[PDB]
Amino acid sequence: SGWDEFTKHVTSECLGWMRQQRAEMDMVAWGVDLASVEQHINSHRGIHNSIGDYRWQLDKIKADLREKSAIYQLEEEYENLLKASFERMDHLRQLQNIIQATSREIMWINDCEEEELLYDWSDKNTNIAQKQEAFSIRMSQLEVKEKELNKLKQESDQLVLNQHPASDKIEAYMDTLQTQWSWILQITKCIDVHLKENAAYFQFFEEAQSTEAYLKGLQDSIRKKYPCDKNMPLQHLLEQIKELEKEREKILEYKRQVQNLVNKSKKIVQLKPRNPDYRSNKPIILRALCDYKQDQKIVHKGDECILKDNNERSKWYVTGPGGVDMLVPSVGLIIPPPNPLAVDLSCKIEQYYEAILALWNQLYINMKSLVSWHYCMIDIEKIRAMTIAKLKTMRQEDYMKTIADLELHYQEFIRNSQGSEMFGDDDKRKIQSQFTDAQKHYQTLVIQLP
């Protein structure tokens, strides 16, 4: 104001168009919807190339004017608009880049997640070998991603540092990325645990079913390898007993192998209930492998949950430990021991070991008694064959000892015969009579000496 009226018009119209352009490019809303960002890039490109062309329309106008301030004021407004126009074209660019990148980076993690989410960890999946390696490949792919992600955030923080008009909105998008990333690592942490427990689960039954087959087929093997009849020669017996004692040593090495299975069973996890079709009368107890949270509903690593519905092989309806029903991803839930299928097997296998141990005890004392029987008969023949004339040739302690031998060999027999199945009462009397006879046949010759 205060100038020529033609100058007040030409200058007003200019400042009016130059500021109506600022209004339009400030009334743009900042969003991460790539479809919007795209139309804003084209939109502004039309406004930028418009004011860029306006420099010449402005030159013509400054040439007609003569008012000192007017000219300066117009040039100052234009140079200000032009500067803002450039910085806008750049702010849009920077945005599109950072979002496109983060957008594709989220889909990558999501796809990784979708994969592990749909994986089958039941007993039907025995390939803890394929999985083990495929996983190590991914853990490498991931250590690779963390790099790409780290510098993607370093690119983002820079934009916030430069007060990008959309700072808050991109930090929010990055928040999303961070959330997905943290979750994929949680899955990997509990995938390492499935791999371990599932390995054990299969290792255990492979070893147990193989031990059970052994101790059951050994209960019959032995009984055939060591027959016990009353008509076996003395030599053969002593040699059988020696082998029979090597056997016990071996079945003591089993006790240690067996005791190991007893222990493992107490730690073997449950897999069958992971299948939607598995039915049981006892409720299924779960444990959380990692924190999972979905809007105000949160489960903590180590929380005990109850399974309600598992028709979905990726999402289970789960309750507890605060009576709170919630859908938590199957991946992050395991079914801890005790596994009744494992404990019962370890109990069974243990009873086979004990059966063998008992069988051994029977065969042992059986032979030990058959040996005392023979040792007794040798002494009985010595005493029976004793004549008064034959005695005088021998020392007075050669025969005094032969009865001592018999007395002791007969005690050993009575002792081993107690729990033996080799001698019925018919024989326990038969020998009892041979002994008592020979006993007096001796004291008949003990009195005749003087």
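One-based numbering along the sequence shown.
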Decide which of the stretches 146-154 and 330-338 has the higher mean C-alpha B-factor, going by the entry. 146-154
Looking at the entry, does 364-372 or 217-225 show the higher mean C-alpha B-factor? 217-225
Reading the B-factor column for Cα atoms of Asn125, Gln240, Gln270, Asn97, the highest value belongs to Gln240
Kindly indicate the residue among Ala70, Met394, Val32, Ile414 with the greatest C-alpha B-factor in the PDB record. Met394
CA B-factor ranking of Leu244, expressed as a third of its chain: middle
When the deposited Cα B-factors of this chain's modelled residues are ordered and cut into thirds, is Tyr173 in the lowest, the middle or the highest one? lowest
Per the entry's values, where does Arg274 land by CA temperature factor relative to the rest of its chain, in the lowest, middle or highest third? lowest
Taking the values exactly as deposited, rank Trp108 by C-alpha B-factor within its chain and report the matching third: lowest, middle or highest. lowest
Entry-reported Cα temperature factor of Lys250, expressed as the chain third it lands in: highest
